[PDB]
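A.B. asks: Please find one structure pasted underneath; my questions will follow.
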Amino acid sequence: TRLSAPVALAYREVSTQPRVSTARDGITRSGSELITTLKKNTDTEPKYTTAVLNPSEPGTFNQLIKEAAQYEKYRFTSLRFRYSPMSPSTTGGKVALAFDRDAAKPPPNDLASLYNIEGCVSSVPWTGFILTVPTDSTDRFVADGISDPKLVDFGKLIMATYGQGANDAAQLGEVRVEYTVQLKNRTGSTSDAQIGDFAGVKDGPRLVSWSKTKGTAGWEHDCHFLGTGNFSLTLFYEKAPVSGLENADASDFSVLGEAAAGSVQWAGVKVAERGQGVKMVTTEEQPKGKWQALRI
Amino acid sequence: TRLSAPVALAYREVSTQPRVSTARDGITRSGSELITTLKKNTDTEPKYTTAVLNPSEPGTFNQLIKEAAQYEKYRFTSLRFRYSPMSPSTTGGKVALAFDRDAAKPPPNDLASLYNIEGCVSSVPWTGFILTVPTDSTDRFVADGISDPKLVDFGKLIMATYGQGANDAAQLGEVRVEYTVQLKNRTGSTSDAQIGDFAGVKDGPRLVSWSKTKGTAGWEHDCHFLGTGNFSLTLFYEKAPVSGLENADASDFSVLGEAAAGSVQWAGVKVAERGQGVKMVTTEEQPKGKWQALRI
Amino acid sequence: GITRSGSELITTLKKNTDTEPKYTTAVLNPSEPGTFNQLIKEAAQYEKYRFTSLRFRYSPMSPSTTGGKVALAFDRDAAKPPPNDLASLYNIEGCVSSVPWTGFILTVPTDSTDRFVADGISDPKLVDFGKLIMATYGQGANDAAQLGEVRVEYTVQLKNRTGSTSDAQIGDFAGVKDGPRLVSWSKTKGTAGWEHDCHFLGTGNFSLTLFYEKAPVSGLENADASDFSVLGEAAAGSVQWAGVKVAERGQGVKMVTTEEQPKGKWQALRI
Amino acid sequence: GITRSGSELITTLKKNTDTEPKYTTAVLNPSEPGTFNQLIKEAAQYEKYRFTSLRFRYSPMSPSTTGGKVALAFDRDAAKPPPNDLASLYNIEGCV
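Residue numbers (this note's numbering), protein chains in the order written: chain A, 672 to 967; chain F, 672 to 967; chain D, 7 to 277; chain W, 1165 to 1260.
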């Protein structure tokens, strides 16, 4: 029979109270977080935005990271993502949420493959839906450095948007986690400051992801920031580079220092959307030095 | 009647399991920590070692700091210090524990005044004792920057040793907190990295305490570290100083950088006992610059 | 499959006369020579294990008038470096400490997962079950030289089976090494020339044989080993056979060639 | 105490043109290099043993056009010299 279509739907969001408790082996923390807000995509093919599901991941969790710094292993007993629409009912396109159990595989390349992923749900941008992912009973180590994501990561969320018309809402919605993690073991509190050199060494929460790319001037190292917020980045060059730190695509980038042998720079980068970062240029592949990312 | 004296007493310490729980306004965390180990003092007058009682204090608490970073107010419903002897029964002198409700007053100057403090307990170094401090029902803000300690700090513990003979144990014992804090409110997770200039500004956990002192070469700023562990200290000089960073009395001090206008240094200081630090010299009182302490 | 319960001596803690605590680690893997001296032989013939029951004991050796303390903690992540301050060590789950002159125990809960016997190049988080941290601090100058002994009483379940791993570790100067990780070489240029010194990860009587293609600057020389005796003759195209006794991990011998990565061959064995 | 099971390789037999047998023995003790190549390492840690089960499988390797015979027998006395004639060899219990 008849089924009406409202001009818009309003969802009432109130920040709930996390439920912490103590068990025999550790603690059981429950809560909800916000990952990101999906943007309009005026193209048929999807545009993806990922978020690795693992405690101590700044990109995904903001409060569970601190509570997971005191523990060594975790187990997501129940997690579930939700979508809150904030666009009118006259917006086209679609929004898709899928959970890839492999945290290293890049997102698919065509819409047909995206729908083959098990549990991939989707709906119009102007209505809400929930994707609940089955869990398992395997303990995994909380991220602490460079390691195979198959061994530590529980999975990776994938958010896609496509089909929106030219004159549509700038932003379509926002995802929201609803987890219940089982932190186990215990250890001395660990600092939250990724530190490592350019040789592929990383020690700490995954705040940065460097990537080389050969260029005419030299090898460009791009410091992509996985999270979104205020960050600081201290660099130390053993050899004089071609250029210091430059704003690649981030916002409000400022650096206090000089580029030269033995010099140290200090850039207070600021990120508005996950993936933005800075860059540097050197003539030596795999340069010698150190860097330290921080959430300041 | 007869009362025997053993050659030594052995206390069995096992790291218990913190008891976390959720209440209407926040969480109630219980646990135990280690502050420091008292050292021998072959002098009649006392030698003091303080520890400010306030969550988010790196010197006192090591695990509660992370859990208190997510909250805004606290209330110690029950705290109690304990002393574990690790010296033979042939060691002289005494050990005193007192709780000063004013966190800014310096420790007393003579043994007579130390015993006037309410609740000041003491015993021989080779036996254990417990100092339990009455609490109140007043909420206080978790330390976040430069503020009057009368308004935020709950108190300050004072540990004194004296009277030990020349040929006695190098270390007499170790104190241990047993608290039950009531964290309230909630806020976005705050980073744990003190940052501030030399004008008296400090934003973050109290890891450092600068102190000027006029000298022949210039004003010396001493970077005393309240805690004990591995720290990093990034400095930025707007004007060329007399000298860069030098090891004052700490252990394993290394610096990567240069001293000059606009330059930045990066010192991985390491501390074996609370109070050790580094130093720098400048010709300008209240120099212009920035510093950032971290637990790396 | 095979179930093998037993008890073995990891090491003997020593006086820590300096202010800072000293942490000595022993990774818990059946193929590790640092922690196992008898289970290594049987684990060499298997490529999977599971610790059904694990537990550590401390046996006092010092007089009753010894100050300081000794701590024993188990850290599930074998990759993490040893703690930096006492508070972090004491915050580890199930950390037991006591005065040196009295013994205690530390029971380690165990899970039901199988792990590959260590090879030496894989991720520690994937093959190792954890590690043990032994701390000693607060000892004066009048205390005994040795505080106690740490022992592991285990019950392992080695599974599968394969060709026995070589009981001796052959290697090549600045190159490939195969067999159990008995020694590890290091190089540092000096006045005479490039100096190559080996460090013995295990403790006991060893037997190091070497072969020089070109005449070296100097032959095998004791660095910090307890005992030492060379029966060879350093020269071009010759071999030097030596026996080194190690009391503490890290002790070893040294040599000088003045040419980086000299062509030769060496062999190590725990006699 | 410990119980172990394995399958070792003693040796490979060789041709013998002469019609008279040519014997090659192998004493059966856990700490015998001639017989066991892997059990010796674990037997060095113990000073007693008891063979709960024991078998000897002969796995052919020669073509189908080779004559002669191959015999396996177990002598419970480890010092007796091998027999000097075929009939004595076949009188041993269980010889196949």
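C-beta atoms are modelled at their ideal positions from N, C-alpha and C, and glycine is treated no differently.
1) Would you be able to state if there are at least three C-beta pairs under 8 Å between the segment 174-193 of chain D and the segment 21-36 of chain D?
2) Hey, is A:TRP962's beta-carbon within less than 8 Å of any beta-carbon in chain F?
3) Mind checking A:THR762: buried by the 16 CB within 10 Å criterion, or exposed?
4) Against chain D, does W:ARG1168 count as a neighbour if the rule is that its beta carbon must be under 8 Å from one of theirs?
5) Short of 8 Å Cβ to Cβ, which residues in the segment 906-935 of chain F face chain A?
6) Roughly how many angstroms separate the alpha carbons of F:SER880 and F:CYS894, rounded to a whole number?
7) Taking 8 Å as the threshold (C-beta atoms), are A:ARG751 and A:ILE788 in contact?
8) Can you look up F:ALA888 in the DSSP assignment and give me helix, strand or coil?
9) Classify W:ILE1166 as helix, strand or coil using the three-state DSSP reduction.
10) Since D:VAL133 is in the beta strand (DSSP E), which residue starts that stretch and which ends it?
11) Scan the segment 26-68 of chain D and note each continuous alpha helix (DSSP H) run of 4 residues or more that stays entirely inside, going in chain order.
12) Rounded to whole angstroms, what's the CA-CA distance from A:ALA931 to A:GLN963? Just pull it up for me.
13) On the DSSP bridge assignment, give the partners of D:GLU155 in chain order.
14) Looking at D:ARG82 and D:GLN163, is the spacing between their C-beta atoms short of 8 Å?
15) Measure from the alpha carbon of F:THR798 to the alpha carbon of each residue in F:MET951, F:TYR682 and F:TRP937, then state which is nearest.
16) Under 8 Å between beta-carbons, which chain A residues line up against residue 287 of chain D? List them in chain order, please.
17) With 16 other CB atoms within 10 Å as the buried threshold, where does A:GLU917 fall?
18) On a Cα-Cα basis, can you pick out the residue from F:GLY816, F:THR858, F:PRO912 and F:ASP824 that is closest to F:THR809?
19) What do you get for A:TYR786, buried or exposed, if any count of 16 or more other CB atoms within 10 angstroms of its CB means buried?
20) Report, in whole angstroms, the separation of the C-beta atoms of F:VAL913 and F:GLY889, which I expect to be a contact under 8 Å.
21) Can the beta-carbon of A:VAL952 be found closer than 8 Å to that of A:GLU891?
22) Take D:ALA248 and list the residues in its own chain whose beta-carbon comes closer than 6 Å to its own, dropping the five residues that flank it on each side.
23) Counting only the same chain and skipping the five closest in sequence on each side, list residues whose C-beta sits under 6 Å from that of A:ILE817.
24) Please tell me whether residue 654 of chain F and F:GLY764 are closer than 8 Å, where the distance is taken between their beta carbons.
25) Near D:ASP230, which residues of its chain fall below 8 Å by C-beta distance, leaving aside the five closest residues on each side in sequence?
26) If you check the beta carbons only, do A:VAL942 and A:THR899 fall under 8 Å apart?
27) Among F:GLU944, F:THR858 and F:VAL848, which has the Cα closest to the Cα of F:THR687?
28) May I ask you to list the residues that DSSP assigns as paired with D:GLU239?
29) Quick one: measure Cβ to Cβ for A:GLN734 and F:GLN741, integer angstroms, because I've assumed they're closer than 8 Å.
30) Report the residue from F:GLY886, F:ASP923 and F:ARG966 whose alpha carbon sits nearest the alpha carbon of F:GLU955.
31) The segment 92-126 of chain D: which residues have C-beta closer than 8 Å to a C-beta of chain F, in chain order?
32) When the Cα of A:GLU743 is compared with those of A:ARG857, A:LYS950 and A:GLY960, which residue comes out closest?
33) Does any residue of chain D have a CB that is nearer than 8 Å to the CB of F:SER903?
34) Distance, Cα to Cα, F:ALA722 vs F:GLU704?
35) Return helix, strand or coil for D:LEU207, following the three-state DSSP convention.
36) With a floor of 3 residues, list each beta strand (DSSP E) that falls wholly inside the segment 144-191 of chain D, ordered by position along the chain.
C.D. replies: Result, derived from the coordinates:
1) no
2) no
3) buried
4) yes
5) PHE907, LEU927, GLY928, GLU929, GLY933, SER934 and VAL935
6) 6 Å
7) no
8) coil
9) coil
10) It is not in any beta strand (DSSP E) - D:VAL133 instead sits in the alpha helix (DSSP H) that spans 130-133.
11) 45-49
12) 18 Å
13) D:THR18 and D:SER65
14) no
15) F:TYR682
16) This structure cannot settle anything about residue 287 of chain D, because the visible part of chain D is limited to 7 through 277.
17) exposed
18) F:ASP824
19) exposed
20) 5 Å
21) yes
22) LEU214, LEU226 and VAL236
23) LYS873
24) This structure leaves residue 654 of chain F out entirely; chain F is present only between 672 and 967.
25) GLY256, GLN257 and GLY258
26) yes
27) F:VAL848
28) In DSSP, D:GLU239 forms no bridge with anything.
29) 6 Å
30) F:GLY886
31) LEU92, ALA93, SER94, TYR96, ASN97, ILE98, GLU99, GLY100, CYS101, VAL102, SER103, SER104, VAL105, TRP107, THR108 and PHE110
32) A:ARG857
33) no
34) 12 Å
35) coil
36) 152-164 and 175-177
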